[PDB]
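Here's the structure we're looking at; comments come further down.
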Amino acid sequence: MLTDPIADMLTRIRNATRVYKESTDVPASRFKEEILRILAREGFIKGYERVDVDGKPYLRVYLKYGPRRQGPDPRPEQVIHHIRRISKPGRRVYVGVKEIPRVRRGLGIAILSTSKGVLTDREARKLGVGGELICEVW
Amino acid sequence: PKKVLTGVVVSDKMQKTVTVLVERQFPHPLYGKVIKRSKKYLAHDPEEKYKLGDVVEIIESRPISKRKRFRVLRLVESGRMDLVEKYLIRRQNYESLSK
Amino acid sequence: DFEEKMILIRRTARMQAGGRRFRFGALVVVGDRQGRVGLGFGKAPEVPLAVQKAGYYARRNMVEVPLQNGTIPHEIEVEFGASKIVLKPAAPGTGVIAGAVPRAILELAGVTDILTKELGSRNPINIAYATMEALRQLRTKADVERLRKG
Amino acid sequence: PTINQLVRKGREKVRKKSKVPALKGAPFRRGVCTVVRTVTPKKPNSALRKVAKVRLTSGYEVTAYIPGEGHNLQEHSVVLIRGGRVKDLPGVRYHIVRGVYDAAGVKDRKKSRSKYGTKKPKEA
Amino acid sequence: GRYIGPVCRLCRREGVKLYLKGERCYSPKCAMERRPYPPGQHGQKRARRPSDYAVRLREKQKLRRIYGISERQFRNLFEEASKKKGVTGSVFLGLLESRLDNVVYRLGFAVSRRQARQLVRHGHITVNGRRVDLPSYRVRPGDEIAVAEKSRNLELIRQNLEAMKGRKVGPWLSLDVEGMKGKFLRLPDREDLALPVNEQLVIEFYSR
RNA sequence: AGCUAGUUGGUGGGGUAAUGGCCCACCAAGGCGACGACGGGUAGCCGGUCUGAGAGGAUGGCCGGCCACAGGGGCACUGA
RNA sequence: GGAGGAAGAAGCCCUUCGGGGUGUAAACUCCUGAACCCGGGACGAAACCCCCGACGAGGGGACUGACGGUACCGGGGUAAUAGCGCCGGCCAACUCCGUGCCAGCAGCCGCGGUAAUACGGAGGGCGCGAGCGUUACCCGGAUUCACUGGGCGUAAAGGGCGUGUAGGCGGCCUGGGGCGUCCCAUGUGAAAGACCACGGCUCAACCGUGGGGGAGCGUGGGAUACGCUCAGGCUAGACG
RNA sequence: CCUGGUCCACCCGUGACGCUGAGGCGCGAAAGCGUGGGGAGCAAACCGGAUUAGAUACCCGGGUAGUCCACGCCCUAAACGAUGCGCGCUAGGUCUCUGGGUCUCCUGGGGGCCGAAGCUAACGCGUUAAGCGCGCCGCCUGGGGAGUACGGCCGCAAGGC
RNA sequence: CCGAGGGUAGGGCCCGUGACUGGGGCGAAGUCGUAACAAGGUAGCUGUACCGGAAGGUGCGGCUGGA
Ligand SMILES: [Mg+2]
Ligand SMILES: [Mg+2]
Ligand SMILES: [Mg+2]
Ligand SMILES: [Mg+2]
Ligand SMILES: [Mg+2]
Ligand SMILES: [Mg+2]
Ligand SMILES: [Mg+2]
Ligand SMILES: [Mg+2]
Ligand SMILES: [Mg+2]
Ligand SMILES: [Mg+2]
Ligand SMILES: [Mg+2]
Ligand SMILES: [Mg+2]
Ligand SMILES: [Mg+2]
Ligand SMILES: [Mg+2]
Ligand SMILES: [Mg+2]
Ligand SMILES: [Mg+2]
Ligand SMILES: [Mg+2]
Ligand SMILES: [Mg+2]
Ligand SMILES: [Mg+2]
Ligand SMILES: [Mg+2]
Ligand SMILES: [Mg+2]
Ligand SMILES: [Mg+2]
Ligand SMILES: [Mg+2]
Ligand SMILES: [Mg+2]
Ligand SMILES: [Mg+2]
Ligand SMILES: [Mg+2]
Ligand SMILES: [Mg+2]
Ligand SMILES: [Mg+2]
Ligand SMILES: [Mg+2]
Ligand SMILES: [Mg+2]
Ligand SMILES: [Mg+2]
Ligand SMILES: [Mg+2]
Ligand SMILES: [Mg+2]
Ligand SMILES: [Mg+2]
Ligand SMILES: [Mg+2]
Ligand SMILES: [Mg+2]
Ligand SMILES: [Mg+2]
Ligand SMILES: [Mg+2]
Ligand SMILES: [Mg+2]
Ligand SMILES: [Mg+2]
Ligand SMILES: [Mg+2]
Ligand SMILES: [Zn+2]
């Protein structure tokens, strides 16, 4: 019955890419949008459109991967290697703005919800706010 | 600021007094998770005007009697016996826990 | 020709009617200190031989270590099965703090500033492999946004 | 465990067994010899280790080891007890502080002498 | 105290030659220039590879033995640099170098670092006016490391001031040889210092 | 693993610098407990201190702040 | 104590009987002068108090030092205490003789049974030095109670199986509140310590000054994505 | 005859009414206990014959509880998949049980095997996960001592927790 | 009136101790047997029951971590 729909999505994504796949369809939600609307704006996906599967409104999300490779296991590097949720449903994690994580030494993003929108580690620091550290991606 | 508090009347069986159960939430000092905890206050009710199940506000008042240091401020919403059950059952559960 | 430092040597052995035979093993690292390091495991009927074989595979299997200021770009954890490793970059003028294995590698990796920790099985061999695969998995602001084109 | 479980049960602090009740966690305890025997080593060893049952100040009583070569300890000798067992004599769990009270030094010992409480000597 | 015993003996052991003696180490007889092998009965023996520890030890042991200083003080110093903001490698030297009983030796006044100390301790040296007998004294930037009136007229300060005349000295320093009174101009950069020791290994010996 | 007779509350008194079952009559039958009541063990609490990458863990001697005690126990007098 | 001093005393220790070592170490040569000897000798001490003025604001004058003849300054001036730990591996430091599962070592793994770098002595070496070791306790290594940061098919670890109370957890959209949550302001957070600078004692320890911070918590204002609550709708869960 | 669960098909109704679950309650193989039946075969115990150095065993001839039934207890187990439950997601191949279809085919539930990716110390697991995730419960923290002792509760006892 | 405490009486918990008794740990080379590990020479383990100097045996049902 999905406890935390997000960490689901987040996983759907994670799972799709391990085999490298056109797209995948998290069941839709304005918030799952918002979140996706940052994976893409930050270059982790090609992006996403709204769709349907029997009146049921999901989100077609187009993944991004690397270039082919020489040698054995020519499988591409990942645009999204790592994506693991924080502030979980069984233990919300919040943060003051000074408390905000510095993911992967700048090479990464810490998506996170706040009173002035779903910012990012830099977007929040710059906007000078904090809130539910939603997850870390890279 | 004379500390205030909101909560449910669980006992009304006292002469000019009520028992307000107060819930309080807070993040936990090492594991984060918000945790719910609660305490009961004996509230001065000089008009027995407050009945059973009323969610109310209470003010840090001057000592009225041992154990009793809070007057009933104002009403917040009569008729919430749904919480009074939650309490009374928690209580009734205690019998199964002895020998 | 690179640096070539020898991590460890061991005398293993198998049984057989009459007695026990032997064999020797060699973890060896190899470096120029420009960010090119190589790990190789060599087993042979003799100590000398083994080490030889070590450098050989080492020179065969090496990797580009994307330095910076003499340290590393970002931090990483890697489990190789049982044995885990922490690579965390340090400010100029710290020192290479790790155990014989992760240092012996990281030295000819051309690093100087780097905080590290072994975790789980501290099996030399398996820590070794960890240390590499760690490195291998390194990225720079460059080759990062290189993947985030579009 | 889940987070909630921790919030309920919580983590359990270790707490460790004082390998030596020399009482009141003292550096050393004073005592008097009661027995002065020689016991034999355990598994893959063999010898005649010199030891002493000591009546503590704390009403207690323990076997204790006599360091060094040779000694001078009898049924009534007051002695200081140090405390470090002997992986070899089941039972012995304190050492005798060589050189305090009736405990002699070690006759003719010139090497490590802090241990064994033999004074520094003269070269003449 | 400042070691005090067989010196061309660490000159030995440590391998790399050192000048705990000033003149004689310059001879064709530092005992080093004659037995380039570590002391003791063995010495001339098939050397076994130094454990990664050995290395780190010796490096610091070398460095330390150079400035003829207590393991304590040596260490207190280290930590100081670690705490102090900056590349702890250099700074540990900077202060190592900022020592009075060193500055004096650096500015010619004495032949050996050891001989120097004794001068400083005996207040034969001085500073910015007042005399200072503190080998440990940490000389700052912009100080007058003079000699004492009573100390100018010394047979030993003389000769040691002698060959000094005109011999160029460290960049972080100045030397008005005439008035036998040197100056400390700045805190030396890593290069300005040349000594047979990888400062890194030391930093590391203390990460034990 | 159940606890409680001044026990919980109320009326009126006494008392104090002052609130209050602090105390006293009278009335009501209440108060507390697994969010751990009751009981047992140990302990003066803190600013700090030691240790640790940190999160923690340990600790409260010196100095500073508060409390408690003055052979064991009780009591009141004088008095801001 | 510092500079110089042999292709390098003796004595002792190895020795393939050539030799090697302690070792520039010593002797020995020079100059420097801890101690001690003599004189000089405080900061800490300026108020109370007295005159003028008004006993006030302002001005001036005088007494007072326990430590203490101490510190410190100046002159003279003698080469003038070294010890403890270890040297199988962890872990730096190796050879002789003695010993013979004996005497003993020991934190662990272990050492000693006639050739012991592991006992005991010696030479030698490593380490630290007015100390070095040992014992006891705390934290660390221990990612071995794991929030950071562990786990349970066979290594320790899934309850013999259900039912369900409390509690924990809660699908899509709209709105109200704004408890959590986030930001801003203000109060508080004593001082001492800690930390950054600066200086005071010949340095330092100690010590003065200045600055900078501290989660917390009270108060005022704001935000409304996520969590909560109240209100309306939906049908992908669930039920029928 | 009475009755439980369960899958499918039609998309009709309700509109989140959910998941898990400390305690609690119920069930819980065999053996065992109580009362009363029952008793052919088998069969602890026990008796004999062999074997054997012995043979309180293995093999042979006998044989009592018990094995069956009713009612009440007991509450353990290699109670095993040694794998808690719910949900989402992550190649297919094959055979098999049982449903539905404009049925050489497709689709839904169940039971096996081989195996992508991935996990794994290895063995192995792998849409029936031991993969990738979230929720909630239970449990582990060196071996022996020891499931022992004490206490506590339960049981007629054995004994259980 | 209450009241330090003293007294009488009856309970609760905790510590030490005790003829004797139960098993338990350890102990370089003791007595009896051979149970288990290879089909362990009767596959093993197992809950229960009974029995035997001892390991153990046997009955019942179960697991394969056997065949
Ligand atoms: Mg792992
Ligand atoms: Mg032995
Ligand atoms: Mg010894
Ligand atoms: Mg009362
Ligand atoms: Mg106390
Ligand atoms: Mg730590
Ligand atoms: Mg008193
Ligand atoms: Mg060594
Ligand atoms: Mg020896
Ligand atoms: Mg450390
Ligand atoms: Mg460490
Ligand atoms: Mg810890
Ligand atoms: Mg955790
Ligand atoms: Mg573990
Ligand atoms: Mg197991
Ligand atoms: Mg199960
Ligand atoms: Mg519920
Ligand atoms: Mg708010
Ligand atoms: Mg302060
Ligand atoms: Mg409807
Ligand atoms: Mg359920
Ligand atoms: Mg049953
Ligand atoms: Mg039965
Ligand atoms: Mg029966
Ligand atoms: Mg038969
Ligand atoms: Mg028969
Ligand atoms: Mg089975
Ligand atoms: Mg089990
Ligand atoms: Mg369960
Ligand atoms: Mg199927
Ligand atoms: Mg398979
Ligand atoms: Mg399949
Ligand atoms: Mg057991
Ligand atoms: Mg049992
Ligand atoms: Mg019992
Ligand atoms: Mg009484
Ligand atoms: Mg058997
Ligand atoms: Mg057998
Ligand atoms: Mg058998
Ligand atoms: Mg049986
Ligand atoms: Mg039988
Ligand atoms: Zn030299």
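By order of appearance in the structure tokens: chains A, B, ..., then residues from 1 within every chain, and ligands from 1 in the order shown.
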Taking only C-alpha atoms into account, which residues of chain A are within 10 Å of chain B, as a list in words?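 Residues of chain A within 10 Å of chain B, counting only C-alpha atoms: residues 87, 88, 89, 90, 91, 92, 93 and 94 of chain A.
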Go ahead and write the selection's residues with N, CA, C and O atoms as a PDB file, in the first residue's frame.
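So the final result, stored in out_11.pdb, reads:
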```
ATOM      1  N   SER A  87      15.374  11.777   5.504  1.00  0.00           N
ATOM      2  CA  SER A  87      14.126  12.094   6.207  1.00  0.00           C
ATOM      3  C   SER A  87      12.972  11.142   5.877  1.00  0.00           C
ATOM      4  O   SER A  87      12.031  11.514   5.173  1.00  0.00           O
ATOM      5  N   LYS A  88      13.049   9.921   6.403  1.00  0.00           N
ATOM      6  CA  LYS A  88      12.112   8.855   6.067  1.00  0.00           C
ATOM      7  C   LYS A  88      10.788   8.996   6.817  1.00  0.00           C
ATOM      8  O   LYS A  88      10.667   9.841   7.699  1.00  0.00           O
ATOM      9  N   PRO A  89       9.791   8.162   6.465  1.00  0.00           N
ATOM     10  CA  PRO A  89       8.446   8.226   7.050  1.00  0.00           C
ATOM     11  C   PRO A  89       8.436   7.703   8.480  1.00  0.00           C
ATOM     12  O   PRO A  89       7.594   8.107   9.292  1.00  0.00           O
ATOM     13  N   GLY A  90       9.368   6.802   8.774  1.00  0.00           N
ATOM     14  CA  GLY A  90       9.530   6.281  10.114  1.00  0.00           C
ATOM     15  C   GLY A  90      10.542   7.079  10.912  1.00  0.00           C
ATOM     16  O   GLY A  90      10.973   6.656  11.984  1.00  0.00           O
ATOM     17  N   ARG A  91      10.924   8.237  10.393  1.00  0.00           N
ATOM     18  CA  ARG A  91      11.877   9.085  11.079  1.00  0.00           C
ATOM     19  C   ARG A  91      12.190  10.273  10.229  1.00  0.00           C
ATOM     20  O   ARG A  91      13.195  10.293   9.531  1.00  0.00           O
ATOM     21  N   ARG A  92      11.317  11.263  10.273  1.00  0.00           N
ATOM     22  CA  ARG A  92      11.560  12.470   9.515  1.00  0.00           C
ATOM     23  C   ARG A  92      12.894  13.046   9.972  1.00  0.00           C
ATOM     24  O   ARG A  92      13.256  12.939  11.154  1.00  0.00           O
ATOM     25  N   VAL A  93      13.628  13.615   9.014  1.00  0.00           N
ATOM     26  CA  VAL A  93      14.869  14.339   9.263  1.00  0.00           C
ATOM     27  C   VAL A  93      14.666  15.770   8.816  1.00  0.00           C
ATOM     28  O   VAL A  93      14.242  16.007   7.691  1.00  0.00           O
ATOM     29  N   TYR A  94      14.932  16.733   9.685  1.00  0.00           N
ATOM     30  CA  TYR A  94      14.808  18.129   9.280  1.00  0.00           C
ATOM     31  C   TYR A  94      16.180  18.758   9.396  1.00  0.00           C
ATOM     32  O   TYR A  94      17.118  18.098   9.856  1.00  0.00           O
TER      33      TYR A  94
END
```
Find the residues of chain H in contact range of chain A, meaning any atom within 9 Å when counting only C-alpha atoms (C1' of nucleotides), and list them as a ChimeraX atom specification. /H:18-19,86-90,116-118,132-135
What separates atom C1' of residue 127 of chain H and atom CA of residue 39 of chain A is a distance of 28.5 Å
Pick out the residues sitting within 10 Å of residue 51 of chain D, and hand them over as a ChimeraX atom specification; count only C-alpha atoms (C1' of nucleotides), and ignore anything fewer than 3 positions along from it in its own chain. /D:33,35-39,48,54,63-67,73,89,92,95-96
Grab me every residue within 12 Å of ligand 25, counting only C-alpha atoms (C1' of nucleotides) and all ligand atoms, and send it over as a PyMOL selection string. (chain H and resi 42-44+46-49+58-63) or (chain I and resi 58-59)
If we count only C-alpha atoms (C1' of nucleotides) and set the cut-off at 12 Å, which residues sit around residue 106 of chain G, ignoring sequence neighbours fewer than 6 positions away in its own chain? Please answer as an MDAnalysis selection string. (chainID D and resid 67 84:89) or (chainID G and resid 118:119)
Chain A contacts to chain C at 9 Å (only C-alpha atoms) as a PDB file with N, CA and C atoms, in the first residue's frame:
```
ATOM      1  N   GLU A  42      18.388  19.571 -13.137  1.00  0.00           N
ATOM      2  CA  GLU A  42      19.762  19.393 -12.666  1.00  0.00           C
ATOM      3  C   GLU A  42      20.546  18.398 -13.512  1.00  0.00           C
ATOM      4  N   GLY A  43      19.876  17.813 -14.504  1.00  0.00           N
ATOM      5  CA  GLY A  43      20.524  16.976 -15.502  1.00  0.00           C
ATOM      6  C   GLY A  43      20.696  15.509 -15.145  1.00  0.00           C
ATOM      7  N   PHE A  44      19.757  14.965 -14.367  1.00  0.00           N
ATOM      8  CA  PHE A  44      19.790  13.553 -13.965  1.00  0.00           C
ATOM      9  C   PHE A  44      18.849  12.745 -14.820  1.00  0.00           C
ATOM     10  N   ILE A  45      17.833  13.417 -15.341  1.00  0.00           N
ATOM     11  CA  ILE A  45      16.939  12.806 -16.308  1.00  0.00           C
ATOM     12  C   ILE A  45      16.909  13.628 -17.591  1.00  0.00           C
ATOM     13  N   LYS A  46      16.308  13.060 -18.636  1.00  0.00           N
ATOM     14  CA  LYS A  46      15.977  13.833 -19.825  1.00  0.00           C
ATOM     15  C   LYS A  46      14.796  14.717 -19.450  1.00  0.00           C
ATOM     16  N   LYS A  64      18.637   9.125 -17.973  1.00  0.00           N
ATOM     17  CA  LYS A  64      19.834   9.548 -18.676  1.00  0.00           C
ATOM     18  C   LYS A  64      21.019   8.653 -18.256  1.00  0.00           C
ATOM     19  N   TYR A  65      21.776   8.159 -19.231  1.00  0.00           N
ATOM     20  CA  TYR A  65      22.948   7.334 -18.941  1.00  0.00           C
ATOM     21  C   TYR A  65      24.156   7.844 -19.719  1.00  0.00           C
ATOM     22  N   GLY A  66      25.284   7.166 -19.568  1.00  0.00           N
ATOM     23  CA  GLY A  66      26.526   7.662 -20.127  1.00  0.00           C
ATOM     24  C   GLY A  66      26.771   7.206 -21.547  1.00  0.00           C
ATOM     25  N   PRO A  67      28.037   7.259 -21.984  1.00  0.00           N
ATOM     26  CA  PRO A  67      28.419   6.754 -23.299  1.00  0.00           C
ATOM     27  C   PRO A  67      28.719   5.281 -23.183  1.00  0.00           C
ATOM     28  N   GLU A  77      28.268   4.202 -18.094  1.00  0.00           N
ATOM     29  CA  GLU A  77      28.249   4.773 -16.760  1.00  0.00           C
ATOM     30  C   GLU A  77      26.866   5.369 -16.532  1.00  0.00           C
ATOM     31  N   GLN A  78      26.516   5.607 -15.271  1.00  0.00           N
ATOM     32  CA  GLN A  78      25.180   6.085 -14.920  1.00  0.00           C
ATOM     33  C   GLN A  78      25.175   7.591 -14.707  1.00  0.00           C
ATOM     34  N   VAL A  79      24.091   8.237 -15.120  1.00  0.00           N
ATOM     35  CA  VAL A  79      23.914   9.639 -14.806  1.00  0.00           C
ATOM     36  C   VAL A  79      23.464   9.710 -13.367  1.00  0.00           C
ATOM     37  N   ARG A 104      28.580  14.986  -1.631  1.00  0.00           N
ATOM     38  CA  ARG A 104      29.619  14.483  -2.530  1.00  0.00           C
ATOM     39  C   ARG A 104      30.672  15.519  -2.874  1.00  0.00           C
ATOM     40  N   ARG A 105      30.876  16.483  -1.978  1.00  0.00           N
ATOM     41  CA  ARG A 105      31.774  17.604  -2.243  1.00  0.00           C
ATOM     42  C   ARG A 105      31.325  18.384  -3.484  1.00  0.00           C
ATOM     43  N   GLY A 106      30.136  18.975  -3.416  1.00  0.00           N
ATOM     44  CA  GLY A 106      29.617  19.776  -4.512  1.00  0.00           C
ATOM     45  C   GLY A 106      29.124  18.992  -5.715  1.00  0.00           C
ATOM     46  N   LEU A 107      29.705  17.815  -5.941  1.00  0.00           N
ATOM     47  CA  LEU A 107      29.362  16.971  -7.090  1.00  0.00           C
ATOM     48  C   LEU A 107      27.955  16.388  -7.010  1.00  0.00           C
TER      49      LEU A 107
END
```
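In chain G, the set of residues within 9 Å of chain B (atoms considered: only C-alpha atoms (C1' of nucleotides)) is residues 147, 165, 166, 179, 180, 218 and 219 of chain G.
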Just to be explicit: take each residue in the selection above, keep N, CA and C atoms (P, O5', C5', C4', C3', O3' and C1' of nucleotides), and write the result as a PDB file, in the first residue's frame.
```
ATOM      1  P     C G 147      21.980   2.636  16.006  1.00  0.00           P
ATOM      2  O5'   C G 147      21.456   4.139  15.992  1.00  0.00           O
ATOM      3  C5'   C G 147      20.387   4.531  15.151  1.00  0.00           C
ATOM      4  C4'   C G 147      20.508   5.978  14.747  1.00  0.00           C
ATOM      5  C3'   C G 147      21.646   6.316  13.798  1.00  0.00           C
ATOM      6  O3'   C G 147      21.346   6.012  12.454  1.00  0.00           O
ATOM      7  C1'   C G 147      21.572   7.898  15.552  1.00  0.00           C
ATOM      8  P     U G 165      -7.656  -4.280  17.314  1.00  0.00           P
ATOM      9  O5'   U G 165      -7.185  -4.246  18.829  1.00  0.00           O
ATOM     10  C5'   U G 165      -8.124  -4.118  19.883  1.00  0.00           C
ATOM     11  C4'   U G 165      -7.465  -3.640  21.150  1.00  0.00           C
ATOM     12  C3'   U G 165      -6.527  -2.462  20.996  1.00  0.00           C
ATOM     13  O3'   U G 165      -7.203  -1.228  20.922  1.00  0.00           O
ATOM     14  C1'   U G 165      -5.472  -4.109  22.289  1.00  0.00           C
ATOM     15  P     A G 166      -6.637  -0.074  19.969  1.00  0.00           P
ATOM     16  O5'   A G 166      -5.412   0.519  20.813  1.00  0.00           O
ATOM     17  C5'   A G 166      -5.605   1.044  22.118  1.00  0.00           C
ATOM     18  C4'   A G 166      -4.312   1.095  22.883  1.00  0.00           C
ATOM     19  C3'   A G 166      -3.214   1.908  22.245  1.00  0.00           C
ATOM     20  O3'   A G 166      -3.345   3.289  22.487  1.00  0.00           O
ATOM     21  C1'   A G 166      -2.339  -0.171  22.916  1.00  0.00           C
ATOM     22  P     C G 179       1.571  27.544  15.598  1.00  0.00           P
ATOM     23  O5'   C G 179       2.155  26.201  16.215  1.00  0.00           O
ATOM     24  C5'   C G 179       1.669  25.686  17.448  1.00  0.00           C
ATOM     25  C4'   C G 179       1.920  24.207  17.545  1.00  0.00           C
ATOM     26  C3'   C G 179       3.142  23.710  16.786  1.00  0.00           C
ATOM     27  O3'   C G 179       4.335  23.845  17.525  1.00  0.00           O
ATOM     28  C1'   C G 179       1.278  22.353  16.258  1.00  0.00           C
ATOM     29  P     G G 180       5.627  24.498  16.844  1.00  0.00           P
ATOM     30  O5'   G G 180       6.395  23.234  16.250  1.00  0.00           O
ATOM     31  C5'   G G 180       6.666  22.094  17.048  1.00  0.00           C
ATOM     32  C4'   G G 180       6.665  20.835  16.222  1.00  0.00           C
ATOM     33  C3'   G G 180       7.770  20.729  15.187  1.00  0.00           C
ATOM     34  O3'   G G 180       8.996  20.292  15.729  1.00  0.00           O
ATOM     35  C1'   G G 180       5.708  20.186  14.177  1.00  0.00           C
ATOM     36  P     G G 218      10.157  27.863  24.732  1.00  0.00           P
ATOM     37  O5'   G G 218      10.012  29.338  25.300  1.00  0.00           O
ATOM     38  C5'   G G 218       9.943  29.573  26.695  1.00  0.00           C
ATOM     39  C4'   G G 218       9.886  31.051  26.999  1.00  0.00           C
ATOM     40  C3'   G G 218       9.142  31.920  25.990  1.00  0.00           C
ATOM     41  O3'   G G 218       7.738  31.899  26.188  1.00  0.00           O
ATOM     42  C1'   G G 218      11.215  32.927  26.531  1.00  0.00           C
ATOM     43  P     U G 219       6.725  32.157  24.962  1.00  0.00           P
ATOM     44  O5'   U G 219       7.134  33.616  24.476  1.00  0.00           O
ATOM     45  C5'   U G 219       6.765  34.758  25.243  1.00  0.00           C
ATOM     46  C4'   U G 219       7.316  36.048  24.667  1.00  0.00           C
ATOM     47  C3'   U G 219       6.884  36.411  23.251  1.00  0.00           C
ATOM     48  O3'   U G 219       5.577  36.954  23.193  1.00  0.00           O
ATOM     49  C1'   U G 219       9.204  36.783  23.495  1.00  0.00           C
TER      50        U G 219
END
```
Name the residues in contact with residue 212 of chain G at a cut-off of 12 Å, using only C-alpha atoms (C1' of nucleotides), excluding same-chain residues fewer than 6 positions from it; report them as a ChimeraX atom specification. /G:195-197
Nearby polymer residues, ligand 39, at most 8 Å, only C-alpha atoms (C1' of nucleotides) and all ligand atoms, as a list in words: residues 40, 41, 42 and 43 of chain I
Do you know which residues are within 12 Å of ligand 34 using only C-alpha atoms (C1' of nucleotides) and all ligand atoms? Can you write them as a VMD selection string? (chain H and resid 76 to 77 146 to 148 159 to 161) or (chain I and resid 47 to 48)
Got a sec to pull out which chain G residues are within 7 Å of chain E, counting only C-alpha atoms (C1' of nucleotides), and send them as an MDAnalysis selection string? chainID G and resid 2 21 25 31 92 124:125 129 202:203
Hey, can you spit out that residue selection with C-alpha atoms (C1' of nucleotides) as a PDB file, in the first residue's frame?
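Once written, out33.pdb looks like this:
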```pdb
ATOM      1  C1'   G G   2      81.064  23.858  24.365  1.00  0.00           C
ATOM      2  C1'   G G  21      83.282  -2.757  18.176  1.00  0.00           C
ATOM      3  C1'   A G  25      84.024   8.530  23.095  1.00  0.00           C
ATOM      4  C1'   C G  31      87.040  29.091  26.320  1.00  0.00           C
ATOM      5  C1'   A G  92      63.304   0.331  16.907  1.00  0.00           C
ATOM      6  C1'   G G 124      76.276  -3.857  21.737  1.00  0.00           C
ATOM      7  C1'   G G 125      71.922  -1.315  20.003  1.00  0.00           C
ATOM      8  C1'   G G 129      65.770  11.842  30.312  1.00  0.00           C
ATOM      9  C1'   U G 202      64.240  36.854  30.449  1.00  0.00           C
ATOM     10  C1'   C G 203      60.773  32.049  27.262  1.00  0.00           C
TER      11        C G 203
END
```
Which chains and residue numbers are within 10 Å of ligand 24, counting only C-alpha atoms (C1' of nucleotides) and all ligand atoms, if I want them as an MDAnalysis selection string? chainID H and resid 32:36 65:66
Using only C-alpha atoms (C1' of nucleotides) and all ligand atoms, which residues of the polymer chains come no farther than 9 Å from ligand 5? I'd like the answer as an NGL selection string. :F and (42-44)
Kindly work out which residues sit at most 9 Å from ligand 41, using only C-alpha atoms (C1' of nucleotides) and all ligand atoms, and give the list as a ChimeraX atom specification. /H:44-45,56-57 /I:50-52,57-58
Could you write out as a PyMOL selection string the residues of chain H within 12 Å of chain D, counting only C-alpha atoms (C1' of nucleotides)? chain H and resi 22+134-141
Step by step, measure atom-to-atom distances between ligand 28 and each residue using only C-alpha atoms (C1' of nucleotides) and all ligand atoms, keep those at most 8 Å, then write them as number ranges by chain. G: 158-159; H: 82
With C-alpha atoms (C1' of nucleotides) kept, could you save the residues just selected as a PDB file, in the first residue's frame?
```
ATOM      1  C1'   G G 158      12.585 -14.685  12.829  1.00  0.00           C
ATOM      2  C1'   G G 159       8.470 -15.320  17.792  1.00  0.00           C
TER       3        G G 159
ATOM      4  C1'   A H  82      16.476 -23.634  10.087  1.00  0.00           C
TER       5        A H  82
END
```
Give the residue list for ligand 6 at 10 Å, counting only C-alpha atoms (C1' of nucleotides) and all ligand atoms, as a list in words, sorted by chain and then by residue number.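 Counting only C-alpha atoms (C1' of nucleotides) and all ligand atoms, the residues within 10 Å of ligand 6 come out as residues 52, 53, 54, 55, 56 and 57 of chain F; 140, 141, 142, 143 and 149 of chain G.
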